[PDB]
Amino acid sequence: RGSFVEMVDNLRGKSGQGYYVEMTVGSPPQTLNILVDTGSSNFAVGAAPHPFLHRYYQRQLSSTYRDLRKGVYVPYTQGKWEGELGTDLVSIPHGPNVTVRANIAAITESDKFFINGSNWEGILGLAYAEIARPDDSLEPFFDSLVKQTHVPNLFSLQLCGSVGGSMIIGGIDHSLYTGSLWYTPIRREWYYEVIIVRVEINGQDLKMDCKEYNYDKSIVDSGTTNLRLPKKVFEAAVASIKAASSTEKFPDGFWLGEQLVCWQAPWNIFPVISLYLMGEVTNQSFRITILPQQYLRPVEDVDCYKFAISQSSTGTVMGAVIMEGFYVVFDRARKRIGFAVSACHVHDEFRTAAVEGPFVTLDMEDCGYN
Ligand SMILES: C[C@@]1(c2cc(NC(=O)c3ccc(C#N)cn3)ccc2F)C[C@H](C(F)(F)F)OC(N)=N1
Ligand code: NA
Ligand code: NA
């Protein structure tokens with residue numbers, strides 16, 4: 001409890017390609033790099049020699065593999081994968097000293113799923129059974145870990161924007177953040193769904209019915225890059241950031257993530273974004289504040305950055321954009337998610353990402369969409 005030195009720095013990544021942890025499956029152990037995705041609930045690994053993959057799961061080499069005789073077909077807006085369901089033994093070498101029998105979906109066909117040039121070969125869906133595919137009886141990796149071992153029912157993520165970071169499984173490591181953690185309730189255990197109760201651009205309120213911030217849900221999702229906002233909130237949000245910084249002009253396509261923008265070797269013009277989240281106590285909220293350093297993402301394989309806030313029709317998505325400013329504690333045993341200022345967040349001399357409270361916010365339960 002409090003000190004997990006072996007788990008510190010166990011995530012790697014390339015900017016734009018996500019964060020992965022090293023995992024082993026089968027006996028003898030097969031080492032795979034696996035994408036950490038708090039917005040899905042399947043443990044799904046390449047199992048066939050797709051050209052983009054460094055390595056894949058070879059079930060034939062595993063004496064402990066058990067076939068479930070059941071296929072799965074998983075489409076996404078862009079992307080699909082199909083595979084064969086089975087169970088095998090799984091450990092995390094830079095995670096707790098335990099081995100579990102987990103469901104694995106061996107991906108045998110995929111389209112637009114794997115990234116050419118990336119160093120991961122599968123995805124670790126850390127959310128709940130309710131969105132597992134094919135259905136909610138396929139118990140996710142984390143539920144099996146907690147059922148079969150003494151690991152507490154929580155994990156925390158420090159995503160440092162070559163990227164790196166830490167996934168602490170079973171606890172919190174205090175060296176990873178400063179100040180205090182503040183907690184928002186998980187509204188329903190499917191996605192890691194939370195409730196946003198107010199949004200401020202450079203300390204001015206968007207002044208929207210708060211139901212708009214969570215239409216139709218808000219989630220914390222390490223497997224998406226952007227801060228994604230409901231169309232109507234997105235519209236209000238760029239309008240406000242345009243006005244805050246209109247000392248310089250940008251092509252309009254920039255704000256739609258349709259073209260990049262460039263200086264040489266200009267942060268003080270861009271405002272901070274505050275999201276207030278529902279607190280633990282009636283009428284109490286807290287707020288997280290992100291810097292332009294989080295929402296203007298550097299692009300290499302071209303000083304050119306992309307606007308990393310985008311419109312959505314699936315609700316607000318607090319992606320890696322947001323998470324990279326914070327230590328984020330997925331406190332599943334108490335159905336709550338904690339934020340604190342990350343000890344590794346990208347910043348400067350003028351302002352810093354922040355987590356502040358308490359605030360008085362009334363009618364917070366109205367902000368949820370039904
Ligand atoms: C199951 C899914 C998924 C994520 C990724 N993620 C990445 O490729 C990636 C890339 C960059 C970064 C960063 N930073 C993070 N993740 C790739 C494939 C995929 F199917 C798709 C699902 C969706 F809603 F999209 F369907 O969103 C989430 N949460 N996970
Ligand atoms: Na247990
Ligand atoms: Na600390």
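Each residue takes its place number in the sequence, starting with 1. Values reported hereafter were calculated over all heavy atoms of this structure, with side chains retained and with hydrogens, waters and symmetry mates removed. We count ligands from 1, going down the list as the structure has it; atoms in each ligand are counted the same way.
For the Na ion (ligand 3), the nearest N, O or S atom contributed by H174 is named O.
If you number the atoms of ligand 1 from 1 as listed, the ones under 4.0 Å from a heavy atom of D37 come out as 1 (C), 2 (C), 3 (C), 4 (C), 28 (C), 29 (N), 30 (N). Taking every non-hydrogen atom of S222 and a distance limit under 4.0 Å, the qualifying atoms of ligand 1 come out as 15 (C). The distance from ligand 1 to the heavy atoms of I123 drops below 4.0 Å at these ligand atoms: 17 (C), 18 (C), 19 (C). Within the listing of ligand 1, atoms 5 (C), 6 (N), 7 (C) sit less than 4.0 angstrom from a heavy atom of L35. Numbered from 1 in the order shown, with element, the atoms of ligand 1 that lie under 4.0 Å from a heavy atom of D221 read 27 (O), 28 (C), 29 (N).
In summary, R69 and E84 do not engage in a salt bridge, as defined by a charged side-chain N under 4.0 Å from a carboxylate O. Between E189 and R332, none of the side-chain N atoms (NZ, or NE/NH1/NH2) sits under 4.0 Å from a carboxylate O, so this pair counts as no salt bridge. Look at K70 and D67 and you find no salt bridge, because none of the NZ, NE, NH1 or NH2 atoms lies under 4.0 Å from a carboxylate O. Using a cut-off of 4.0 Å between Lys/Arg side-chain N and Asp/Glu carboxylate O, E365 and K211 are scored as not salt-bridged.
Aromatic pair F142/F155: ring centres closer than 6.0 Å.
Nearest residue to atom 8 (O) of ligand 1 from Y191, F113, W120 is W120 (criterion: closest heavy atom).
Inclusion of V151 in the first shell of the Na ion (ligand 2) is not supported: no N, O or S atom falls under 3.0 Å. Between the Na ion (ligand 2) and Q148 there is no N/O/S contact shorter than 3.0 Å.
Between the side chains of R133 and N42, no donor N or O sits under 3.5 Å from an acceptor N or O.
The nearest protein atom to atom 16 (N) of ligand 1, hydrogens excluded, is given as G223 O, 3.1 Å; this is a heavy-atom distance.
In terms of polar-atom proximity, defined here as any N/O pair under 3.5 Å, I115 makes no such contact with ligand 1.
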